[PDB]
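Since the structure comes first, as structure tokens, the remarks are kept for the end.
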Amino acid sequence: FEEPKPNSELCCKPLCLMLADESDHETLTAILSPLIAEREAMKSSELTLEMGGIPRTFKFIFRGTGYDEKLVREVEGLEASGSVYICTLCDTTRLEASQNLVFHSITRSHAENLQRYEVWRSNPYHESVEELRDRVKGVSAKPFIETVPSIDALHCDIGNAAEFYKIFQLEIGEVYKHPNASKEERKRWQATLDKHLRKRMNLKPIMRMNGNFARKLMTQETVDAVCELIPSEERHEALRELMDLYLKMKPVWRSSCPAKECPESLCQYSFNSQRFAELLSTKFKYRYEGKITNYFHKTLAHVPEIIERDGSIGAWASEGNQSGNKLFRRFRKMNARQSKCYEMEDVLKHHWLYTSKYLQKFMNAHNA
Amino acid sequence: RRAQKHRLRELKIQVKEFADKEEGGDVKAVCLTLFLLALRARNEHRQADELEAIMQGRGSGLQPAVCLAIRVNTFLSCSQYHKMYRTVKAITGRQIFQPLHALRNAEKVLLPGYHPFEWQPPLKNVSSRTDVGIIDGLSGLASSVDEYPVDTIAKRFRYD
Amino acid sequence: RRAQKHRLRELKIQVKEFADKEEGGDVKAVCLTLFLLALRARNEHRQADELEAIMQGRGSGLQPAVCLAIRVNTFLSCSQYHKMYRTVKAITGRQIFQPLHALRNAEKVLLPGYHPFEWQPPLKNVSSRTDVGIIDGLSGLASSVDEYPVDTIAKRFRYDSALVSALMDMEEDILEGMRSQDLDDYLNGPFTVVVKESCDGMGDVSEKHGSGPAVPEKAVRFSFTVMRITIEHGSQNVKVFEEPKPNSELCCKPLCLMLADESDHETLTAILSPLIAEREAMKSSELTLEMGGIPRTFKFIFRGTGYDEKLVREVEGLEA
Amino acid sequence: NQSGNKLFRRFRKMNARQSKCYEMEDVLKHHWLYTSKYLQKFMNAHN
DNA sequence: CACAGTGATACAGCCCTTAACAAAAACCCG
DNA sequence: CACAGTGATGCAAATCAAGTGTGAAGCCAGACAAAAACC
Ligand SMILES: [Ca+2]
Ligand SMILES: [Zn+2]
């Protein structure tokens, strides 16, 4: 068995529904700890189950990948999002990721974070605060959910698209020649870019970046519409080359099986990653000196390793859970009792039944 | 029923003698298939298949499983399904769909806590009881005023 | 089928040569009737009842206005109805629901622009075309670069056409209402309708991507209901139809949908002035409409009660 | 008309085309259909 | 390379009629 | 005094399996015989 639509709204099955803050830690652990107990129990057993007159035995492998970056930082015991310690796979600082930018290796795991929290709590070498935080590499809490280090694909799309949006807004103002600017000059650059994007690419402007905006934005037509507003031409060829590199490197971490359908784009990832990084460090040093986004570090440093280990990225993305969130509001308004003591049960039952595949072979039985 | 005899008394006998000397004696069959041919040259295949439905076994009545699959896959509510079923049954006579409680009693095959199973090492700190479905997600948190205050609502399956 | 031609390719000639002589040549129903009487001689009386129920469209089949009411009244979109119909026809073999091209063809009977109607006197500044449906609510507002920038989308019904459609679908209710008040059915007295009008804008309707003008993210709907219908019998006035649940969502009939702001006055007046012109014309005439075999005569009274205090102060010209 | 606004918010995203051009006519046609007494009396088949 | 719609439109495919030839199986008996 | 849902629950009402042996009714037969809506 191999699931055809791994990011569908029809294959994600709901398991636990609660009404609590994502960032409130205590009630979150209070609800989720029985689930972790059952998972670490059944990670070492053999389920015997009768399947059409014969008993058969199943073993299990759980892969936690449908988590956004903020929740991995929260429940894996790592620091917050804006720290010096960026990547949830490797041990590197933010200034080091802007000096090397390609060559890393995956080092963080779950047992390592557990032992590092033990090191932080015991303080077994008697160091100061800052030397201890250097020793434990930013772990300051107890990790209570085992996960696989990977990259969420959907939020990588949205983060890289917003970063390119800021690059476009910073190139029409020539900030490499006006390194100081007011508030209102930047506001006017944003308004000019919004008007020209609506005039050219038929895009209405939004303050929260979506995924459809991210797919419609990362084209060459948008860099032509933006290059219409730059006075120079060296900035034209730089934006042209950079968007070409990003489109050469996008469909490796977005395809469901990059080893088969786009193999030559998969193979050229390290070469194109070094080209993207040297272009960022040369022709865009007014934006990437002393800093980088952590999604650029993930996208440029760790994608071939995740591809080699787990076979695919984007099959394991959080797209299916977000489409489940689309279903959840519909099921809460349309298919539930309107009482606070009954709504979670009815919604959980309906969202279970909707994803049930026995009720889905019926609706395409006309294709027999 | 009566007063159409003086107009069809003539045609019936050349139906009778032809079907006797040609087919073997059937009359209902040979006026059945002639009306099939008349409907299909008429190009009214829907009434032809409904006559086939009256001849062979009726397709009245769906299974409760397929009405469940329909009601949950087209985002129908239970009240909308109820008045659709009520109108269809009160207009067309026969009961094409199924009532709500049949869908209820046939949805329990698909919710968890219906099938038997076991784990060959029995799992630590969870019961081997096999009929638990929608359980409370708090897992019996201390909801007294003398404790850390809780204010959330949580419902969950068992993971196994 | 080809061999059922090959075996009956003489009796087929017999039945087509008797069809032209006995009744005139009606090839379907004579063999249908022989099949009914053959079930009588074979003694099945329930089966022939199922046969005539099928050939009147009753025992299954579901005549497509009923399927339209089912697709509409249970909030079923056309794609979901297509899924349901397709898998029901795939399972049962029968065709219980109608395909949605039949729904579309049975839909146009109730949309505006179907019936004949005659105003008496003719309406000023109103054409007498009787086939006008969904029209652009701009009414030809000039969208050139030289003059005032309009940025709204609107669609509307012509007012008299919509009043004709809304009077024609509740024909049966008017007939039953005059029946229950000991009146006739051939009566064509001058009906006095009363029509309650209401307009209110909305907020946070999101603008879409794509080609079109710079539309604001607000919508304004203009709608009406039909509260009472009163006919004059004898000396005094009797009522025929009454809206039983007047604040329903089933009786606020839509008339114009624009993507404007009710704060804005220019685009609001520009979109909304054709409907006020039509209403002002219709306040002083008579409508003749054929209602169940008889031409009958209507005249209207429009009441604008359904406006909030802000819109009344902003439209009637008072201070804020 | 406020309940009609609820119906409009439903009909904009359930049973109308997603385009800036021809979505207002779809919503207006469907909300015309929904308020027809001739179709509502078919859902009252018990007299 | 997210994916299952949302509705109208367009077109294609399959199925009747005419009437005469055709590929082909099912028994008969020289 | 807004009004049409939102689904589970539970009580009442409707249907039905079954015996076997009855009644009620439709209808076959061809032919003989009055109502009635047009010239
Ligand atoms: Ca309002
Ligand atoms: Zn890293």
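Just so we're on the same page: first chain in the structure tokens is A, next is B, and so on; residues restart at 1 for each chain, and ligands are numbered from 1 in the order they show up.
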What lies within 9 Å of segment 51-63 of chain B using only C-alpha atoms (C1' of nucleotides), ignoring chain neighbours under 3 positions off, as a PDB file with N, CA, C and O atoms, in the first residue's frame?
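out_12.pdb written:
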ATOM      1  N   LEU B  32     -43.878  -7.190 -24.816  1.00  0.00           N
ATOM      2  CA  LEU B  32     -42.838  -6.541 -24.033  1.00  0.00           C
ATOM      3  C   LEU B  32     -41.719  -6.038 -24.931  1.00  0.00           C
ATOM      4  O   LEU B  32     -41.363  -4.854 -24.898  1.00  0.00           O
ATOM      5  N   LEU B  36     -40.361  -2.303 -26.017  1.00  0.00           N
ATOM      6  CA  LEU B  36     -38.951  -1.925 -25.915  1.00  0.00           C
ATOM      7  C   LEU B  36     -38.439  -1.326 -27.219  1.00  0.00           C
ATOM      8  O   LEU B  36     -37.802  -0.262 -27.212  1.00  0.00           O
ATOM      9  N   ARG B  46     -34.805   5.892 -20.731  1.00  0.00           N
ATOM     10  CA  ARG B  46     -35.037   5.920 -19.290  1.00  0.00           C
ATOM     11  C   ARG B  46     -36.274   5.113 -18.915  1.00  0.00           C
ATOM     12  O   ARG B  46     -36.238   4.301 -17.982  1.00  0.00           O
ATOM     13  N   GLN B  47     -37.376   5.309 -19.645  1.00  0.00           N
ATOM     14  CA  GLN B  47     -38.576   4.516 -19.395  1.00  0.00           C
ATOM     15  C   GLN B  47     -38.389   3.066 -19.810  1.00  0.00           C
ATOM     16  O   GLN B  47     -39.025   2.176 -19.237  1.00  0.00           O
ATOM     17  N   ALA B  48     -37.502   2.813 -20.775  1.00  0.00           N
ATOM     18  CA  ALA B  48     -37.142   1.443 -21.129  1.00  0.00           C
ATOM     19  C   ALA B  48     -36.432   0.744 -19.976  1.00  0.00           C
ATOM     20  O   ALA B  48     -36.749  -0.407 -19.646  1.00  0.00           O
ATOM     21  N   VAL B  66     -24.306   2.569   1.654  1.00  0.00           N
ATOM     22  CA  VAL B  66     -24.095   3.524   0.576  1.00  0.00           C
ATOM     23  C   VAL B  66     -24.825   4.823   0.850  1.00  0.00           C
ATOM     24  O   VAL B  66     -24.359   5.885   0.430  1.00  0.00           O
ATOM     25  N   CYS B  67     -25.948   4.790   1.575  1.00  0.00           N
ATOM     26  CA  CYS B  67     -26.540   6.050   2.009  1.00  0.00           C
ATOM     27  C   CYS B  67     -25.665   6.758   3.019  1.00  0.00           C
ATOM     28  O   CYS B  67     -25.621   7.988   3.030  1.00  0.00           O
ATOM     29  N   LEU B  68     -24.950   6.011   3.851  1.00  0.00           N
ATOM     30  CA  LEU B  68     -23.985   6.644   4.736  1.00  0.00           C
ATOM     31  C   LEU B  68     -22.845   7.278   3.954  1.00  0.00           C
ATOM     32  O   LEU B  68     -22.444   8.409   4.254  1.00  0.00           O
ATOM     33  N   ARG B  94     -42.403   4.229  -2.919  1.00  0.00           N
ATOM     34  CA  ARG B  94     -41.383   3.318  -2.423  1.00  0.00           C
ATOM     35  C   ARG B  94     -40.214   4.052  -1.770  1.00  0.00           C
ATOM     36  O   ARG B  94     -39.963   5.230  -2.017  1.00  0.00           O
ATOM     37  N   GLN B  95     -39.487   3.320  -0.931  1.00  0.00           N
ATOM     38  CA  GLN B  95     -38.428   3.879  -0.093  1.00  0.00           C
ATOM     39  C   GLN B  95     -37.083   3.637  -0.762  1.00  0.00           C
ATOM     40  O   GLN B  95     -36.487   2.570  -0.621  1.00  0.00           O
ATOM     41  N   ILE B  96     -36.598   4.636  -1.489  1.00  0.00           N
ATOM     42  CA  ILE B  96     -35.336   4.492  -2.196  1.00  0.00           C
ATOM     43  C   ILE B  96     -34.171   4.614  -1.236  1.00  0.00           C
ATOM     44  O   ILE B  96     -33.266   3.775  -1.218  1.00  0.00           O
ATOM     45  N   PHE B  97     -34.179   5.650  -0.419  1.00  0.00           N
ATOM     46  CA  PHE B  97     -33.106   5.866   0.533  1.00  0.00           C
ATOM     47  C   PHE B  97     -33.345   5.017   1.773  1.00  0.00           C
ATOM     48  O   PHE B  97     -34.202   4.131   1.805  1.00  0.00           O
ATOM     49  N   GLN B  98     -32.576   5.280   2.814  1.00  0.00           N
ATOM     50  CA  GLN B  98     -32.766   4.593   4.066  1.00  0.00           C
ATOM     51  C   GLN B  98     -33.031   5.617   5.155  1.00  0.00           C
ATOM     52  O   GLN B  98     -32.634   6.773   5.015  1.00  0.00           O
TER      53      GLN B  98
ATOM     54  N   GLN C  47     -48.807  -4.733 -11.121  1.00  0.00           N
ATOM     55  CA  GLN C  47     -47.697  -4.505 -12.034  1.00  0.00           C
ATOM     56  C   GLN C  47     -48.075  -3.493 -13.102  1.00  0.00           C
ATOM     57  O   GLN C  47     -47.267  -2.632 -13.464  1.00  0.00           O
ATOM     58  N   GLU C  50     -47.854  -0.120 -11.498  1.00  0.00           N
ATOM     59  CA  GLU C  50     -46.474   0.360 -11.517  1.00  0.00           C
ATOM     60  C   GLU C  50     -46.071   0.819 -12.912  1.00  0.00           C
ATOM     61  O   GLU C  50     -45.339   1.803 -13.057  1.00  0.00           O
ATOM     62  N   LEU C  51     -46.577   0.140 -13.947  1.00  0.00           N
ATOM     63  CA  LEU C  51     -46.308   0.536 -15.328  1.00  0.00           C
ATOM     64  C   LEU C  51     -46.871   1.912 -15.649  1.00  0.00           C
ATOM     65  O   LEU C  51     -46.171   2.759 -16.215  1.00  0.00           O
ATOM     66  N   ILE C  54     -44.974   4.583 -13.816  1.00  0.00           N
ATOM     67  CA  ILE C  54     -43.731   4.908 -14.505  1.00  0.00           C
ATOM     68  C   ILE C  54     -44.004   5.773 -15.729  1.00  0.00           C
ATOM     69  O   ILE C  54     -43.347   6.796 -15.945  1.00  0.00           O
ATOM     70  N   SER C  60     -40.966   5.904 -10.009  1.00  0.00           N
ATOM     71  CA  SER C  60     -39.594   6.321  -9.771  1.00  0.00           C
ATOM     72  C   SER C  60     -39.367   7.545 -10.645  1.00  0.00           C
ATOM     73  O   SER C  60     -40.320   8.239 -11.011  1.00  0.00           O
ATOM     74  N   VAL C  88     -25.785   7.034  -7.481  1.00  0.00           N
ATOM     75  CA  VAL C  88     -27.062   6.355  -7.289  1.00  0.00           C
ATOM     76  C   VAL C  88     -27.467   5.630  -8.563  1.00  0.00           C
ATOM     77  O   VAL C  88     -27.893   4.469  -8.524  1.00  0.00           O
ATOM     78  N   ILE C  91     -25.291   2.525  -8.844  1.00  0.00           N
ATOM     79  CA  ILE C  91     -25.577   1.407  -7.948  1.00  0.00           C
ATOM     80  C   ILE C  91     -26.902   0.754  -8.304  1.00  0.00           C
ATOM     81  O   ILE C  91     -26.973  -0.451  -8.557  1.00  0.00           O
ATOM     82  N   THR C  92     -27.970   1.539  -8.318  1.00  0.00           N
ATOM     83  CA  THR C  92     -29.290   0.966  -8.492  1.00  0.00           C
ATOM     84  C   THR C  92     -29.569   0.551  -9.923  1.00  0.00           C
ATOM     85  O   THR C  92     -30.551  -0.157 -10.162  1.00  0.00           O
ATOM     86  N   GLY C  93     -28.770   1.006 -10.885  1.00  0.00           N
ATOM     87  CA  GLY C  93     -29.058   0.748 -12.282  1.00  0.00           C
ATOM     88  C   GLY C  93     -30.086   1.699 -12.868  1.00  0.00           C
ATOM     89  O   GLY C  93     -29.909   2.193 -13.983  1.00  0.00           O
ATOM     90  N   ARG C  94     -31.164   1.960 -12.126  1.00  0.00           N
ATOM     91  CA  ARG C  94     -32.187   2.929 -12.476  1.00  0.00           C
ATOM     92  C   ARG C  94     -31.619   4.341 -12.508  1.00  0.00           C
ATOM     93  O   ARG C  94     -30.511   4.615 -12.048  1.00  0.00           O
TER      94      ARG C  94
END
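Near residue 190 of chain A, within a cut-off of 8 Å and counting only C-alpha atoms (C1' of nucleotides), sit the residues residues 169, 186 and 194 of chain A, with same-chain residues fewer than 4 positions away left out.
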Write the residues of the preceding selection, restricted to N, CA, C and O atoms, as a PDB file, in the first residue's frame.
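Saved to result13.pdb:
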ATOM      1  N   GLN A 169      10.655  44.483  -2.791  1.00  0.00           N
ATOM      2  CA  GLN A 169      10.337  45.798  -2.252  1.00  0.00           C
ATOM      3  C   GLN A 169      11.594  46.589  -1.903  1.00  0.00           C
ATOM      4  O   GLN A 169      11.571  47.822  -1.904  1.00  0.00           O
ATOM      5  N   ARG A 186       9.787  53.515   2.485  1.00  0.00           N
ATOM      6  CA  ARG A 186       9.546  52.081   2.404  1.00  0.00           C
ATOM      7  C   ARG A 186       8.071  51.776   2.210  1.00  0.00           C
ATOM      8  O   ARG A 186       7.716  50.854   1.461  1.00  0.00           O
ATOM      9  N   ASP A 194       2.655  46.933  -4.865  1.00  0.00           N
ATOM     10  CA  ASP A 194       1.314  46.362  -4.809  1.00  0.00           C
ATOM     11  C   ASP A 194       0.492  46.742  -6.030  1.00  0.00           C
ATOM     12  O   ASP A 194      -0.179  45.887  -6.625  1.00  0.00           O
TER      13      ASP A 194
END
Practice task
Name all residues at most 10 Å from residue 5 of chain E (count only C-alpha atoms (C1' of nucleotides); drop same-chain ones fewer than 4 positions away) and give them as a PyMOL selection string.
Solution key: (chain C and resi 77-80) or (chain D and resi 14-15+17)
Those residues with C-alpha atoms, as a PDB file, in the first residue's frame please?
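Contents of the output file part_4.pdb:
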ATOM      1  CA  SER C  77     -24.096  22.440  -5.036  1.00  0.00           C
ATOM      2  CA  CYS C  78     -24.161  21.148  -8.588  1.00  0.00           C
ATOM      3  CA  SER C  79     -20.946  19.170  -8.227  1.00  0.00           C
ATOM      4  CA  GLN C  80     -22.206  17.388  -5.121  1.00  0.00           C
TER       5      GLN C  80
ATOM      6  CA  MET D  14     -20.715  27.043  -1.806  1.00  0.00           C
ATOM      7  CA  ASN D  15     -22.610  27.179  -5.078  1.00  0.00           C
ATOM      8  CA  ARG D  17     -18.237  30.176  -9.662  1.00  0.00           C
TER       9      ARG D  17
END
Exercise for the section: Compile the residues of chain A that lie within 6 Å of chain B, evaluated using only C-alpha atoms, and express the compilation as a ChimeraX atom specification. Expected result: /A:15-19,31,41,45-49,335,354,359
Handout entry: Within 12 Å of ligand 2 (only C-alpha atoms (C1' of nucleotides) and all ligand atoms), residues as a PyMOL selection string
Key = chain A and resi 84-94+96-98+100-108+149-151+292-303+305-306
Handout entry: DSSP alpha helix (DSSP H) residues within chain B, listed as a ChimeraX atom specification
Key = /B:5-8,11-22,28-41,45-55,64-73,78-92,100-105
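One finds atom CA of residue 114 of chain C at 24.4 Å from atom CA of residue 249 of chain C.
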Handout entry: Close residues to ligand 1 using only C-alpha atoms (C1' of nucleotides) and all ligand atoms, limit 12 Å, as a list in words
Key = residues 198, 199, 200, 201, 202, 203, 204, 205, 218, 219, 220, 221, 222, 261, 262, 263, 306, 307, 308, 309, 310 and 311 of chain C; 1, 2, 3, 4, 5 and 6 of chain D
Just write the chosen residues, N, CA, C and O atoms, as a CSV table (one decimal), in the first residue's frame.
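part38.csv written:
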chain,number,residue,atom,x,y,z
C,198,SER,N,-36.2,46.3,1.3
C,198,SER,CA,-35.2,46.4,2.3
C,198,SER,C,-33.8,46.4,1.6
C,198,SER,O,-33.6,45.6,0.7
C,199,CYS,N,-32.9,47.2,2.1
C,199,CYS,CA,-31.6,47.3,1.6
C,199,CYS,C,-30.6,47.4,2.8
C,199,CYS,O,-30.9,48.2,3.7
C,200,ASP,N,-29.6,46.6,2.8
C,200,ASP,CA,-28.5,46.8,3.8
C,200,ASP,C,-27.2,46.3,3.3
C,200,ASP,O,-27.2,45.2,2.6
C,201,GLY,N,-26.2,47.0,3.5
C,201,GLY,CA,-24.9,46.6,3.1
C,201,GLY,C,-24.3,45.6,4.0
C,201,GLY,O,-24.8,45.3,5.1
C,202,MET,N,-23.1,45.0,3.6
C,202,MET,CA,-22.4,44.1,4.4
C,202,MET,C,-21.0,44.4,4.5
C,202,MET,O,-20.5,45.3,3.8
C,203,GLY,N,-20.3,43.7,5.3
C,203,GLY,CA,-18.8,43.9,5.5
C,203,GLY,C,-18.0,42.6,5.4
C,203,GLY,O,-18.6,41.6,5.5
C,204,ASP,N,-16.7,42.8,5.1
C,204,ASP,CA,-15.7,41.7,5.1
C,204,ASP,C,-16.0,40.7,4.1
C,204,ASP,O,-15.6,39.5,4.2
C,205,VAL,N,-16.8,41.0,3.0
C,205,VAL,CA,-16.8,40.0,1.9
C,205,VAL,C,-15.5,40.2,1.1
C,205,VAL,O,-15.2,41.3,0.6
C,218,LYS,N,-16.8,45.3,0.3
C,218,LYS,CA,-18.1,45.4,0.9
C,218,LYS,C,-19.2,45.1,-0.2
C,218,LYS,O,-18.9,45.3,-1.4
C,219,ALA,N,-20.3,44.6,0.3
C,219,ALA,CA,-21.4,44.3,-0.7
C,219,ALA,C,-22.6,45.0,-0.2
C,219,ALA,O,-22.8,45.2,1.0
C,220,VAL,N,-23.5,45.3,-1.1
C,220,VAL,CA,-24.8,45.9,-0.8
C,220,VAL,C,-25.9,45.1,-1.6
C,220,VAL,O,-25.8,44.9,-2.8
C,221,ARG,N,-26.9,44.6,-0.9
C,221,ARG,CA,-28.0,43.9,-1.5
C,221,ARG,C,-29.2,44.7,-1.3
C,221,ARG,O,-29.5,45.2,-0.3
C,222,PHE,N,-30.0,44.7,-2.4
C,222,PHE,CA,-31.4,45.2,-2.4
C,222,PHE,C,-32.3,44.1,-2.6
C,222,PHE,O,-32.2,43.3,-3.6
C,261,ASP,N,-20.0,50.2,-1.5
C,261,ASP,CA,-20.0,50.6,-0.1
C,261,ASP,C,-21.2,51.5,0.1
C,261,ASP,O,-21.4,52.4,-0.6
C,262,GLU,N,-21.9,51.2,1.2
C,262,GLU,CA,-23.1,52.1,1.4
C,262,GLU,C,-22.6,53.4,2.1
C,262,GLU,O,-23.4,54.4,2.2
C,263,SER,N,-21.4,53.5,2.5
C,263,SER,CA,-20.8,54.8,2.9
C,263,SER,C,-20.6,55.7,1.7
C,263,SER,O,-20.9,56.9,1.7
C,306,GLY,N,-37.4,48.2,5.6
C,306,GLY,CA,-36.3,47.4,6.0
C,306,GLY,C,-34.9,48.1,5.9
C,306,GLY,O,-33.9,47.4,5.5
C,307,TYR,N,-34.8,49.3,6.3
C,307,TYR,CA,-33.6,50.0,6.4
C,307,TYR,C,-33.2,50.4,7.8
C,307,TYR,O,-34.1,50.8,8.6
C,308,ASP,N,-32.0,50.3,8.2
C,308,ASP,CA,-31.6,50.7,9.5
C,308,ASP,C,-31.5,52.2,9.6
C,308,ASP,O,-31.6,52.9,8.6
C,309,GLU,N,-31.2,52.7,10.8
C,309,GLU,CA,-31.3,54.2,11.1
C,309,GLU,C,-30.2,54.9,10.3
C,309,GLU,O,-30.5,56.1,9.8
C,310,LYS,N,-29.0,54.3,10.2
C,310,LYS,CA,-27.9,55.0,9.5
C,310,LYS,C,-28.2,55.1,8.0
C,310,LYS,O,-28.0,56.2,7.4
C,311,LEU,N,-28.8,54.1,7.4
C,311,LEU,CA,-29.1,54.2,5.9
C,311,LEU,C,-30.3,55.1,5.7
C,311,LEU,O,-30.3,55.8,4.7
D,1,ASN,N,-33.7,40.3,5.8
D,1,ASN,CA,-32.6,40.7,5.0
D,1,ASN,C,-31.2,40.3,5.7
D,1,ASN,O,-30.3,40.0,5.0
D,2,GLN,N,-31.2,40.3,7.0
D,2,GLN,CA,-30.0,39.8,7.7
D,2,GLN,C,-29.8,38.3,7.5
D,2,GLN,O,-28.7,37.9,7.3
D,3,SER,N,-30.9,37.6,7.6
D,3,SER,CA,-30.8,36.1,7.3
D,3,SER,C,-30.4,35.9,5.8
D,3,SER,O,-29.7,35.0,5.5
D,4,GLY,N,-30.9,36.8,5.0
D,4,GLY,CA,-30.4,36.8,3.6
D,4,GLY,C,-28.9,37.1,3.5
D,4,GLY,O,-28.3,36.6,2.6
D,5,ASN,N,-28.4,37.9,4.4
D,5,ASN,CA,-26.9,38.1,4.4
D,5,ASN,C,-26.2,36.9,4.8
D,5,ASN,O,-25.1,36.6,4.2
D,6,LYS,N,-26.7,36.1,5.7
D,6,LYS,CA,-26.2,34.8,6.0
D,6,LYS,C,-26.2,33.9,4.8
D,6,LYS,O,-25.2,33.2,4.5
Which residues of chain D sit at most 12 Å from chain E, using only C-alpha atoms (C1' of nucleotides)? Give each one's shortest atom pair and distance in Å (one decimal place), in chain and ascending residue order, as CSV.
residue,atom,partner,partner_atom,distance
D:11,CA,E:6,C1',10.8
D:12,CA,E:6,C1',10.2
D:13,CA,E:6,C1',8.4
D:14,CA,E:6,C1',7.5
D:15,CA,E:6,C1',6.1
D:16,CA,E:6,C1',5.5
D:17,CA,E:6,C1',4.7
D:18,CA,E:6,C1',6.7
D:19,CA,E:6,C1',9.8
D:22,CA,E:7,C1',9.8
D:23,CA,E:7,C1',9.5
D:25,CA,E:7,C1',11.0
D:26,CA,E:7,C1',8.0
D:27,CA,E:7,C1',10.8
D:29,CA,E:7,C1',11.5
D:30,CA,E:7,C1',11.1
Please report as CSV every residue of chain A lying within 7 Å of chain C, along with the nearest atom pair and their distance in Å (one decimal), using only C-alpha atoms.
residue,atom,partner,partner_atom,distance
A:202,CA,C:210,CA,4.5
A:203,CA,C:209,CA,5.3
A:204,CA,C:209,CA,5.3
A:363,CA,C:87,CA,5.7
A:366,CA,C:90,CA,5.4
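For chain F, the residues no farther than 12 Å from chain D when using only C-alpha atoms (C1' of nucleotides) are residues 2, 3 and 4 of chain F.
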Practice task
Considering only C-alpha atoms (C1' of nucleotides), extract the chain F residues located within 12 Å of chain A and return them as a ChimeraX atom specification.
Solution key: /F:5-8
Selection from above, N, CA and C atoms (P, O5', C5', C4', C3', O3' and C1' of nucleotides), as a tab-separated table (two decimals), in the first residue's frame, can you write it?
chain	number	residue	atom	x	y	z
F	5	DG	P	-34.10	23.95	7.24
F	5	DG	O5'	-33.82	23.20	8.62
F	5	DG	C5'	-32.64	22.44	8.78
F	5	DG	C4'	-31.55	23.27	9.41
F	5	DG	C3'	-30.41	22.48	10.03
F	5	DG	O3'	-29.25	23.20	9.89
F	5	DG	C1'	-31.30	23.85	11.63
F	6	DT	P	-27.87	22.44	9.67
F	6	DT	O5'	-27.67	21.63	11.03
F	6	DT	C5'	-26.60	21.95	11.88
F	6	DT	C4'	-26.56	20.98	13.03
F	6	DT	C3'	-27.15	19.62	12.71
F	6	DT	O3'	-26.12	18.72	12.45
F	6	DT	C1'	-27.79	20.43	14.88
F	7	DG	P	-26.46	17.26	11.89
F	7	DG	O5'	-26.56	16.37	13.20
F	7	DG	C5'	-25.38	15.99	13.86
F	7	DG	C4'	-25.70	15.35	15.18
F	7	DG	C3'	-26.21	13.92	15.09
F	7	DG	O3'	-25.72	13.19	16.17
F	7	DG	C1'	-27.77	15.23	16.19
F	8	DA	P	-25.32	11.65	15.98
F	8	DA	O5'	-25.92	10.96	17.28
F	8	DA	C5'	-25.29	11.17	18.51
F	8	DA	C4'	-26.32	11.30	19.61
F	8	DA	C3'	-27.07	10.02	19.93
F	8	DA	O3'	-26.89	9.71	21.28
F	8	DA	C1'	-28.54	11.86	19.73
Applying 8 Å and only C-alpha atoms (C1' of nucleotides), which residues near segment 8-11 of chain A remain after dropping the ones on its own chain fewer than 2 positions away? List them as a compact mmCIF listing (two decimals) with N, CA and C atoms (P, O5', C5', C4', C3', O3' and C1' of nucleotides), in the first residue's frame.
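selection11.txt written:
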# COMPACT_ATOMS: atom_id res chain seq x y z
N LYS A 5 -2.64 10.31 -2.52
CA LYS A 5 -2.80 11.73 -2.23
C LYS A 5 -2.36 11.99 -0.80
N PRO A 6 -1.05 12.10 -0.56
CA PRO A 6 -0.56 12.18 0.82
C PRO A 6 -0.84 13.50 1.50
N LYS A 13 -6.45 11.33 9.40
CA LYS A 13 -7.55 10.92 10.26
C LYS A 13 -7.44 11.60 11.60
N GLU A 319 0.40 19.86 4.73
CA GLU A 319 -0.69 20.33 3.89
C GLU A 319 -1.99 19.62 4.22
N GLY A 320 -1.90 18.33 4.55
CA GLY A 320 -3.10 17.56 4.84
C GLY A 320 -3.76 17.99 6.13
N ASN A 321 -2.96 18.34 7.14
CA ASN A 321 -3.54 18.82 8.38
C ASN A 321 -4.20 20.17 8.21
N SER A 323 -5.64 21.20 5.37
CA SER A 323 -6.91 20.92 4.73
C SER A 323 -7.90 20.30 5.70
N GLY A 324 -7.40 19.55 6.68
CA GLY A 324 -8.26 19.10 7.76
C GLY A 324 -8.80 20.25 8.59
N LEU A 327 -11.69 21.50 6.82
CA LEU A 327 -12.86 20.67 7.09
C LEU A 327 -13.43 20.94 8.47
N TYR A 354 -15.71 10.93 7.54
CA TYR A 354 -15.46 11.54 6.25
C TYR A 354 -14.20 10.99 5.61
N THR A 355 -13.18 10.73 6.41
CA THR A 355 -11.93 10.20 5.92
C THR A 355 -11.94 8.69 5.82
N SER A 356 -13.08 8.06 6.04
CA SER A 356 -13.15 6.61 6.04
C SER A 356 -13.16 6.08 4.61
P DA E 2 1.47 21.98 -5.11
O5' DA E 2 1.25 20.78 -4.10
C5' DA E 2 0.61 21.00 -2.89
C4' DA E 2 -0.25 19.83 -2.51
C3' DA E 2 -0.80 19.04 -3.65
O3' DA E 2 -1.37 17.87 -3.11
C1' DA E 2 -2.43 20.54 -2.84
P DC E 3 -1.92 16.70 -4.05
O5' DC E 3 -3.49 16.89 -4.01
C5' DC E 3 -4.15 16.87 -2.78
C4' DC E 3 -5.57 17.36 -2.92
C3' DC E 3 -6.30 16.93 -4.18
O3' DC E 3 -7.62 16.60 -3.84
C1' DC E 3 -6.48 19.22 -3.95
